Structure formats: structure tokens, C-alpha cells
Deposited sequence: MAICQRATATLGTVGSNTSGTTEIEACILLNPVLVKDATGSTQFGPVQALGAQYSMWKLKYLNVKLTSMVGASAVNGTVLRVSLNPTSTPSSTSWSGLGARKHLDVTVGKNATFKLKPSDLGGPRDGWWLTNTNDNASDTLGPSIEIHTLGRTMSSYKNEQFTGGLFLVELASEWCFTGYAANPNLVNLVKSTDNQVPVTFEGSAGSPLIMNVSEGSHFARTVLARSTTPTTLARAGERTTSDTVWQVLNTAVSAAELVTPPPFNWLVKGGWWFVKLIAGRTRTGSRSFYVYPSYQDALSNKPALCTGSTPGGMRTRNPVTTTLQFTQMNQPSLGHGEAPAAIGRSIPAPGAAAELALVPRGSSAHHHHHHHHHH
């Protein structure tokens, strides 16, 4: 096998302004999917190798959390970094998070979450598959999620605080083995739209639909980069391109959904495929899938009932058919 080490700062964890459990990060670990901070270059070699080999593994995984504030200056928030073994959305609570492998961190303190291969091993004798075009379950691998609990307060003024709380650093070492010739996957899009208006549609037995304004950076990036939505029975045709969507904003709390998937959006991240034709006017529309495998298998989330928040969306191009 061939190895590749990499250490990078991923971004920052902000203050908790809602007093509820807030999601602040969802870090994909798959080598062709793993994400840099803007103008970061540490993971380029990892993506490159991920496109050249058919199987990958992690030898170790450290997430270092560096406080951006002093512990006596800011109070009332606990940070919880945890391992999502399969990169699968779930309906969890703070307590559920605590049932995962995880580390809690007090505001104003530093800490490092360290994981062993035992914790990170794939189903192929410890290995995972690299090619995100062809499978999810044996391919996607683990994720690091970060949440927070408790309204972040300035201790001097006993007021709401709103700055960054932690620097987030990831250190790992990917190993690769077996061959592939997939330059398809070297250019996957990873981006963010801070100005996206969003809505959800559906009726009993129909797919959950996500509408996004047709002029938005998100929308006009997805159309350009997705293949053409010509794939199929009593459903629309979808693009074969899957996107992971991550909504870290508290404004994601104002998104209503038809039953029974309000939990999935409330959870902050899910998968989508561009669907053909128009659904809401002036919008581009997507089917929503509660797992990556469901997206690849065209098994969309189906509503059971019926019933324009501008939010911010981190999105990741999952594949390149």
C-alpha cells in the first residue's frame, strides 16, 4: 500500500446562539471527498491518490480543537466532536451523540479527539472502496461531526457571545491499494452558498422535494456540474450526480417539511439529485435522500403528508458518472 499524510485547518466553530443543540461541522473522510478550507492545499495529494487506487484506509485520525477564546471570558457551551461510522444521517439528540465515540470540550479549552484504525475500519478487511460512483455502503466511510450545546455567553457582560470559539484541525494518513484509473473523481466540486432560499414540497407517497431559487450560486453550480437528468416510474427523472448538502446555519431551524422527514433536515445534512422539469416557479428542484446509498439506488425519501427561508448551504459533489 501507498500512504499519504495530511494536516489541515478545516475552519471554525461558532458560538451557540439558539440555546439548542447546533450542528457546526460534518467532515467527510473519503479521500476524493475530503474538504479543504478555502485556499488550503493539504488534501490535494489525498484526492489525487484517491482517484488512482480502488481502496482506502485510515491509519489514525486526530481532530484537534483549539480555543479561540479564554475560558474565564466565555462560558456556557460544551462542544462535542463525534464519529459517524458510516457517514449516514440520523435522527439524533445530544444524548445520541454521546452514545457515539466522541469527545466533549469546554469553551476556552483545547483538546484533541484521537481515533484508532479499529474505529475507522472498512468492510473490505479494514478497507473501504474509493469509487463513489459505484457504491455507498462499502465506499463512503466515516465522518466527523461537531455539535454544541448551551448558549454561548460572555462572562464580563453576561451577554450572548457571537465570535468563533474553536479552530478545527484534522490530522490523518490515508493508505491506498489496488488500482483504478478514475480521473473522473479528481475534480469534485466542494463549495458554499451563503444566500440560498429554500423550500420543501411533497404529498403522501411522493418523493420529498427541495426547491432552491434558480438564480442561486448553489443552483447554478449544480446544473453545470451535474449530468443530465434523464434517468428513471411514476417519479421524475433525476440526474445521476449526487450532492451532499450541509446546513450549518441556525436558520435551518426554520425549514418546514412534509412528514415524515423533518428530522432529516433538522439534522442539518442530507443528499440530493437534480430532478427534471420545474416544480416551483423560478426554482430548481431536487429529490432528497436520507443516505448516500438511497441516492445512488434512486430510492428517495417518501413523504406521508403535504405541508422561503434564505439559508446557507455547504455542498459537495459526491460523484462524477
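By the record, the deposited chain contains unmodelled runs at 1, 234 to 235, 311 to 318, 333 to 375, with no C-alpha atoms placed there.
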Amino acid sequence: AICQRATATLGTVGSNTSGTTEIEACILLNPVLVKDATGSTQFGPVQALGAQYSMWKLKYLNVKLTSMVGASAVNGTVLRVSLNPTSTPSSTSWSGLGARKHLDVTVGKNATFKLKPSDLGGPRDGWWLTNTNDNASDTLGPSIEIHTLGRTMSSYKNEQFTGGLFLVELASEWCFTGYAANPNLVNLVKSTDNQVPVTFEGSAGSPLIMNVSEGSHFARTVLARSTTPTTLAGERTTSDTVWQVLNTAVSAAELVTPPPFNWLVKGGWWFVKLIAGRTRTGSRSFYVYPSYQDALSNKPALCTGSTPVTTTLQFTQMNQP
From here on, numbers count along this sequence of modelled residues.
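In this crystal structure, the stretch out of 205 to 213 and 166 to 174 whose C-alpha atoms carry the higher mean B factor is 205 to 213. The deposited model assigns a higher average Cα B-factor to 260 to 268 than to the other stretch when 260 to 268 and 23 to 31 are compared. Which of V250, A111, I144, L97 has the largest Cα B-factor in the deposited entry comes down to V250. Comparing the listed residues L255, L58, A48, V288, the entry records the largest Cα B-factor for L255. In this PDB entry, the Cα temperature factor of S306 sits in the top third of its chain's modelled residues, the highest group. In this PDB entry, the Cα temperature factor of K101 sits in the bottom third of its chain's modelled residues, the lowest group.
Ranked by C-alpha B-factor against the other modelled residues of its chain, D138 falls in the middle third. When the CA B factors of the chain's modelled residues are split into thirds, the value for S283 lands in the highest one. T230: CA B factor in the highest third of modelled residues in this chain (values from the PDB entry).
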